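The chain that follows stands alone, in the form deposited in one PDB entry, written as structure tokens.
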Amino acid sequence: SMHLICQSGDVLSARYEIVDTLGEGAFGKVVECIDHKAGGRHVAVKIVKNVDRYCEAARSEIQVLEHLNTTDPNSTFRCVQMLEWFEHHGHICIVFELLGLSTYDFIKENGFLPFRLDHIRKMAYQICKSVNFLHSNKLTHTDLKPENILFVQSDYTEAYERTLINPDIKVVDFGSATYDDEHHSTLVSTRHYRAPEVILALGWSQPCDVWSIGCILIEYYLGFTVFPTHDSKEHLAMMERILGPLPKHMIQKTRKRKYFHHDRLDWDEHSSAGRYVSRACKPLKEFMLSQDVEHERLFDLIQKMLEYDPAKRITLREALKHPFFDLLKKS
């Protein structure tokens, strides 16, 4: 029904000619357009689904990008540039600079092969620098995931594996981003990248994004998420498998007391769900594919990003100084 107003050859705002579909989902559709009033430049246009959740997210996204784009006009910190917005047949339309495939789409269209370590380093630095800029501007993204990290240009080499020519990224999808001064929603983040303080409803802020990035880097390294579940209890069980027991102070503070017996997770290891967790999940370091010190440095950084206590958890400002990033500074 939304597709009635975003077919290729359709013209939006009497200038943007749809030439292709870049993404679609519950949120709506992103389309590649020729901009006939900017010399035929190609742009991206997000056509927002006509439902509460997405309309409100889009109105907020527009406000956040005005502020971030004004603040960083050169896009030194790699937040996508919003060119304008307008309304088309009742749909909110956000115009962006054109970006390439998401890191997710790249992984998938590569048959779920992981990224090479040298690209992971360069991507992890740009993601930490980008989201650190949010964090310096009293913002938390809340929804970082591979689908929200896009390549600037996703052209690749193909050999006996696709390899990006340029692994430069930008960060998109700012409709959930929350200012420090705002009242915080309870359910933030996509299941698989959600921080323990969010699941336990302890309150969250910038550190929940650090957790999400830790989950992202391990997914780039493995080609699969390390938290493959749709259940809060199971998710906490997986965290315990990979990172050890939760701190007692977070158990004691949570209203979700039923999840815990004495001060440990009430979880049958020997149930069908318990065997699933023991199969798919194991201690973090056992996920390393080489003992090579560069792989150890990456895993040290991920471990600090997956610190349970969001106060002790490494900041992105600290992450940028991590030794894992020295091979970028060898110049």
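Note that residue numbering begins at 1 and tracks the sequence as displayed. Here the rigid core means the biggest group of C-alpha atoms that line up within 1.5 Å when the two forms are laid on top of each other.
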Count, per the entry, the deposited residues between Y160 and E161 that are not modelled, and return the matching class: none, 1 to 3, 4 to 9, or 10 or more.
4 to 9
Stretch with higher mean Cα temperature factor, 273-281 vs 27-35, is 273-281
Higher-B stretch (mean Cα B-factor, as the entry records it), 182-190 or 99-107
182-190
Have a look at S205, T76, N148, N166 and flag the one whose Cα has the highest B-factor in the entry.
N166
Per the PDB entry, maximal CA B factor within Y221, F260, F174, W85
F260
Quick tally, chain-level thirds of C-alpha B-factors: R59 sits in the middle
Just say lowest, middle or highest third for the CA B-factor of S136 relative to the other modelled residues in its chain.
middle
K129 - which third its CA temperature factor falls in, relative to the rest of the chain:
lowest
What third of the chain does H91 rank in for C-alpha temperature factor, lowest, middle or highest?
middle
Comparing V80 with the other modelled residues of its chain, is its CA B-factor in the lowest, middle or highest third?
lowest
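Beyond what is shown, the protein has a form deposited in another entry; the following relates to that form.
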After aligning the rigid core, which of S102, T178, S189, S130 is the one whose Cα travels 2 Å or more between this form and the one not shown?
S189
Given a superposition on the rigid core, I'd like a yes or no on whether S272 shifts its C-alpha by 2 Å or more between this form and the one not shown.
yes
Thinking of the 3 angstroms or more shift, are the C-alphas of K46 and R191 brought closer or pushed farther apart in the other entry than in this view?
closer
Do the C-alpha atoms of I62 and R191 sit closer or farther apart in the other entry than they do here, given a shift of 3 Å or more?
closer
